[PDB]
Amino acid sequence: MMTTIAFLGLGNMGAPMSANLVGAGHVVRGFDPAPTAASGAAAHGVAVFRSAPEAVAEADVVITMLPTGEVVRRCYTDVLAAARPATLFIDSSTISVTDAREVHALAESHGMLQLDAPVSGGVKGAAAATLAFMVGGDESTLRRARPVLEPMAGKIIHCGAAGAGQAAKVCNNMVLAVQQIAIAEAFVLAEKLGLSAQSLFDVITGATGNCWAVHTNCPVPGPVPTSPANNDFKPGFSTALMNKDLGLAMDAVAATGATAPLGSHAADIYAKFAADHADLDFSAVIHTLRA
């Protein structure tokens, strides 16, 4: 299983992910253009390089954890020629399904194996190695990748061909967004009807409406003391991050001509909420329903 891994993107996700790879005994060759990110990763054993091409030159596997499809595209353009032939590229960035398929084809045109493997779990999942990887690409390529993913992962799920990882994540998170708004509406309506928060909680969680947005992320303080509502709506899952994912869902809706009325409505709601509350947990959208 021991492998030389180039890790491009050493931010809030990339840094802890890379540390777990070092802990598992891999040689990790890192690059990030932010020197503070690079320094922090070096402190936990990443060999940091001056450029992304240098980092990938001697690597069996190249992982990208980057903010957008544009940055992934630009990164692949900078490094693919530098990589040894038939190197495994894993993009664990969260990007559009369109961009994922573009960068996948580019990697394959350079003779590289490529997977999309975006993750859920956030920074906390990243530190604890409990992230869920949602993978698109060839099954044999995933087989080759498993030893590298396992030390970062709680779950690895194969979603289909290239882009299917991005697709699965973005579909789930659109539903989540809609559910978190709907649970918030339910709690505020209950409050105006004189139905207690604890009572509504007990019913919804015992009934057909139950979902993570209530049972774990309860947007009123009290029924779930661990939920962000009890900690000033500190993330958790920030509004900024949810808004990014909803943007990607709206990109997917636009590329496909799909009709997603509530998903699109939830996107508009989170886009407005992100303008001034980007730093709050996405459950804090409940504030928009009170007045």
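Numbers for residues come from their place in the sequence shown, where the first is 1.
Visitor: 133-141 versus 115-123: which one carries the higher mean Cα B factor per the record?
Guide: Looking at the record's C-alpha B-factors, the answer is 133-141.
Visitor: Decide which of the stretches 142-150 and 199-207 has the higher mean C-alpha B-factor, going by the entry.
Guide: Averaging CA B-factors over each stretch, the winner is 142-150.
Visitor: Ordered by C-alpha B-factor within the chain, which third holds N173? Give me lowest, middle or highest, please.
Guide: Middle third.
Visitor: Pull the Cα B-factor of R101 out of the PDB entry and bin it into the chain's lowest, middle or highest third.
Guide: Middle third, going by the recorded CA B-factors of the chain.
Visitor: Looking at the entry's B-factor column for C-alpha atoms only, identify whether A284 ranks in the lowest, middle or highest third of its chain.
Guide: Lowest third of the chain for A284's C-alpha B-factor.
Visitor: For the chain shown, is the CA B-factor of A229 in the lowest, middle or highest third of its modelled residues?
Guide: It belongs to the highest third of the chain when residues are ordered by C-alpha B-factor.
Visitor: Taking the entry's C-alpha B-factors for this chain, is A24 in the lowest, middle or highest third?
Guide: Its C-alpha B-factor, which the entry lists for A24, ranks in the middle third among residues of this chain.
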